[PDB]
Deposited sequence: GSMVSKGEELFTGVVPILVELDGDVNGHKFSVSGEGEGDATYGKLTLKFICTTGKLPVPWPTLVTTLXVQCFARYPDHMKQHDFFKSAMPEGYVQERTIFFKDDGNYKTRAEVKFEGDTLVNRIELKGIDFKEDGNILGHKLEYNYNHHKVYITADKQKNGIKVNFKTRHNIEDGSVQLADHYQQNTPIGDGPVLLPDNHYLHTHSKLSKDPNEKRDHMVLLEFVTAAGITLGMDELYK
């Protein structure tokens, strides 16, 4: 796709998120780069409003699937790049098992040479002693399978997946993600056959960063269509 040509090299990224979880407001800014040829993201995020009221790993999925590596035989199924530069709206509900949920709405698009992801998040019905507000999740991240199907009548896609977050005591907090993406522009997009993305992420810290933050290294590769 024409949009695909925008990802042939290293692309700078800006992320902005305004959140409100059980009335606790906060803001996060991130910057870094994506190299879709390798399916690779490197990003650093800061909470600019003070301490983050939720654990960092709960925000990873919210905080640019246009950087996925699509193998050559699957390039016709890459909705995300095909929507660029005009971009797409990405909406989710994330249901944390036995706990509250996030609803998110984001716009992902190019502004000059930069891929921007701007997001609004609202969290409700969380338990004060739960694993989220109680900060009981370990600072790490698992590997997931992100399922994608077409939504032709909206000229977009529907996406679903579950993430697994290690809890300090050895149990696992599940989060069911249900997601919809729509193009911002009117132009044609690639509507894919059913497939999925493999993800894996490493979370770390900057030893010189005093603010509450998260350093992230992530790899995303499309699969599920046979070669």
{"item": "Stretches with no C-alpha atoms in the model, relative to the deposited sequence starting at 1", "value": "1 to 4, 68, 233 to 239"}
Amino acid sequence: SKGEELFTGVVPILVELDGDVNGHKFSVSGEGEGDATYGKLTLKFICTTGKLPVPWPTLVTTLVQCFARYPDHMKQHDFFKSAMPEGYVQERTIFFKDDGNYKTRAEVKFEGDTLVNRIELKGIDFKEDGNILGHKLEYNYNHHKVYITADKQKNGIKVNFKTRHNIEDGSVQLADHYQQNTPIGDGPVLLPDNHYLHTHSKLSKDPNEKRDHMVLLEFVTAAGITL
From here on, numbers count along this sequence of modelled residues.
{"property": "Average Cα temperature factor in the PDB entry - higher stretch of 98 to 106, 73 to 81", "result": "98 to 106"}
{"property": "Between the two ranges 111 to 119 and 127 to 135, the one averaging a larger CA B factor in the entry", "result": "127 to 135"}
{"property": "Out of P188, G39, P57, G32, residue topping the C-alpha B-factor column of the entry", "result": "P188"}
{"property": "Residue selected from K44, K51, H165, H177 by maximal Cα B factor", "result": "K51"}
{"property": "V159, C-alpha B-factor rank within chain (lowest, middle or highest third)", "result": "lowest"}
{"property": "Chain thirds of CA B-factor: placement of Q153", "result": "highest"}
{"property": "Third of the chain's Cα B-factor distribution that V28 belongs to, per the entry", "result": "middle"}
{"property": "Chain third (lowest, middle, highest) by recorded CA B-factor, residue given as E16", "result": "middle"}
{"property": "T182 by Cα B-factor - lowest, middle or highest third of the modelled chain", "result": "middle"}
